[PDB]
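A.B. asks: Take a look at this one; I'll ask things after.
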Amino acid sequence: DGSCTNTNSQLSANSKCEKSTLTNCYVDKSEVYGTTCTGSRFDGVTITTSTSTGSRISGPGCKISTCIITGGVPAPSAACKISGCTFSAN
């Protein structure tokens with residue numbers, strides 16, 4: 001019972017708790033769907049089940065699609081669909 005799905009990190013206590021957390025995540029008014037954390041930072045973002053956790057993710061209307069790890073890095077996610085998003089390391 002860690003606030004919906006926050007048992008170690010912070011999903012903004014107001015986003016989409018559709019996935020537990022590891023020990024390094026602080027989102028703000030966002031929407032994630034079965035997404036992993038491990039190491040990353042969110043803030044005003046609407047993403048779905050995505051393995052992107054490295055840098056900070058923000059967007060008043062950002063839309064991601066799965067993709068892979070992040071961290072201000074492109075990574076092998078050329079197949080990822082990101083539109084209207086602002087991120088850069090965490």
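By convention in this document, the chains of the structure tokens carry letters A, B, ... by their order, each chain's residues are numbered from 1, and ligands are numbered from 1 in the order they are shown.
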Please report, as JSON lines, each residue of segment 28-72 of chain A lying at most 12 Å from segment 81-85 of chain A, together with the nearest pair of atoms and the separation in Å rounded to one decimal; use only C-alpha atoms, and order rows by chain and ascending residue number.
C.D. replies:
{"residue": "A:42", "atom": "CA", "partner": "A:85", "partner_atom": "CA", "distance": 10.9}
{"residue": "A:43", "atom": "CA", "partner": "A:85", "partner_atom": "CA", "distance": 10.6}
{"residue": "A:44", "atom": "CA", "partner": "A:85", "partner_atom": "CA", "distance": 9.7}
{"residue": "A:45", "atom": "CA", "partner": "A:85", "partner_atom": "CA", "distance": 7.8}
{"residue": "A:46", "atom": "CA", "partner": "A:85", "partner_atom": "CA", "distance": 9.6}
{"residue": "A:47", "atom": "CA", "partner": "A:82", "partner_atom": "CA", "distance": 9.1}
{"residue": "A:48", "atom": "CA", "partner": "A:81", "partner_atom": "CA", "distance": 11.0}
{"residue": "A:50", "atom": "CA", "partner": "A:81", "partner_atom": "CA", "distance": 10.8}
{"residue": "A:52", "atom": "CA", "partner": "A:82", "partner_atom": "CA", "distance": 11.4}
{"residue": "A:56", "atom": "CA", "partner": "A:85", "partner_atom": "CA", "distance": 10.2}
{"residue": "A:57", "atom": "CA", "partner": "A:85", "partner_atom": "CA", "distance": 7.1}
{"residue": "A:58", "atom": "CA", "partner": "A:85", "partner_atom": "CA", "distance": 6.0}
{"residue": "A:59", "atom": "CA", "partner": "A:85", "partner_atom": "CA", "distance": 4.8}
{"residue": "A:60", "atom": "CA", "partner": "A:84", "partner_atom": "CA", "distance": 7.9}
{"residue": "A:61", "atom": "CA", "partner": "A:84", "partner_atom": "CA", "distance": 6.2}
{"residue": "A:62", "atom": "CA", "partner": "A:84", "partner_atom": "CA", "distance": 4.5}
{"residue": "A:63", "atom": "CA", "partner": "A:83", "partner_atom": "CA", "distance": 5.6}
{"residue": "A:64", "atom": "CA", "partner": "A:82", "partner_atom": "CA", "distance": 4.5}
{"residue": "A:65", "atom": "CA", "partner": "A:81", "partner_atom": "CA", "distance": 5.1}
{"residue": "A:66", "atom": "CA", "partner": "A:81", "partner_atom": "CA", "distance": 8.0}
{"residue": "A:67", "atom": "CA", "partner": "A:81", "partner_atom": "CA", "distance": 7.4}
{"residue": "A:68", "atom": "CA", "partner": "A:81", "partner_atom": "CA", "distance": 11.0}
{"residue": "A:72", "atom": "CA", "partner": "A:85", "partner_atom": "CA", "distance": 11.7}
A.B. asks: Find the residues around segment 3-7 of chain A up to 7 Å (only C-alpha atoms counted), leave out those fewer than 2 positions away in its own chain, and share them as a ChimeraX atom specification.
C.D. replies: /A:1,9-11,13,17-21
A.B. asks: Step one, run DSSP on the backbone; step two, keep only residues of segment 19-81 of chain A assigned to strand (DSSP E); then write them as a ChimeraX atom specification.
C.D. replies: /A:41-43,56-58
A.B. asks: What does the file look like for those residues with N, CA, C and O atoms, as a PDB file, in the first residue's frame?
C.D. replies:
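Final output, saved to part_2.pdb:
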ATOM      1  N   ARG A  41      13.317  11.033 -13.685  1.00  0.00           N
ATOM      2  CA  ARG A  41      12.506  12.073 -12.993  1.00  0.00           C
ATOM      3  C   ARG A  41      11.385  12.563 -13.912  1.00  0.00           C
ATOM      4  O   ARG A  41      11.619  12.953 -15.036  1.00  0.00           O
ATOM      5  N   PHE A  42      10.170  12.547 -13.444  1.00  0.00           N
ATOM      6  CA  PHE A  42       9.046  13.019 -14.306  1.00  0.00           C
ATOM      7  C   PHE A  42       8.504  14.358 -13.792  1.00  0.00           C
ATOM      8  O   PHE A  42       8.884  14.832 -12.741  1.00  0.00           O
ATOM      9  N   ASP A  43       7.614  14.967 -14.525  1.00  0.00           N
ATOM     10  CA  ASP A  43       7.041  16.271 -14.080  1.00  0.00           C
ATOM     11  C   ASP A  43       6.078  16.805 -15.144  1.00  0.00           C
ATOM     12  O   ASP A  43       6.486  17.392 -16.127  1.00  0.00           O
ATOM     13  N   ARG A  56      15.145  13.722 -16.907  1.00  0.00           N
ATOM     14  CA  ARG A  56      13.864  14.302 -16.410  1.00  0.00           C
ATOM     15  C   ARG A  56      12.860  14.412 -17.560  1.00  0.00           C
ATOM     16  O   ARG A  56      13.204  14.803 -18.654  1.00  0.00           O
ATOM     17  N   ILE A  57      11.621  14.071 -17.324  1.00  0.00           N
ATOM     18  CA  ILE A  57      10.603  14.156 -18.414  1.00  0.00           C
ATOM     19  C   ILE A  57       9.498  15.152 -18.030  1.00  0.00           C
ATOM     20  O   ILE A  57       8.918  15.073 -16.964  1.00  0.00           O
ATOM     21  N   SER A  58       9.202  16.085 -18.896  1.00  0.00           N
ATOM     22  CA  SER A  58       8.134  17.084 -18.592  1.00  0.00           C
ATOM     23  C   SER A  58       7.388  17.468 -19.876  1.00  0.00           C
ATOM     24  O   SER A  58       7.906  17.327 -20.966  1.00  0.00           O
TER      25      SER A  58
END
A.B. asks: Find the distance between atom CA of residue 14 of chain A and atom CA of residue 74 of chain A and write it in Å to one decimal.
C.D. replies: 28.0 Å
A.B. asks: To one decimal place, how far is atom CA of residue 12 of chain A from atom CA of residue 80 of chain A in Å?
C.D. replies: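 One can read the atom CA of residue 12 of chain A to atom CA of residue 80 of chain A distance as 24.1 Å.
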A.B. asks: What's around segment 69-71 of chain A at 6 Å? Count only C-alpha atoms, leave out sequence neighbours fewer than 5 positions away in its own chain, and write the answer as a list in words.
C.D. replies: residues 51, 52, 53, 54, 55 and 89 of chain A
A.B. asks: How many Å lie between atom CA of residue 86 of chain A and atom CA of residue 29 of chain A, rounded to one decimal?
C.D. replies: 14.9 Å
A.B. asks: Name the closest residue to residue 39 of chain A among the candidates A:27, A:73, A:88, A:22; distances are taken between atoms, counting only C-alpha atoms.
C.D. replies: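 So, comparing all the options, the nearest one is A:22.
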A.B. asks: Of the residues A:87, A:16, A:25, A:76, which is the one nearest to residue 49 of chain A, using only C-alpha atoms?
C.D. replies: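 Comparing A:87, A:16, A:25, A:76 against residue 49 of chain A, the winner is A:16.
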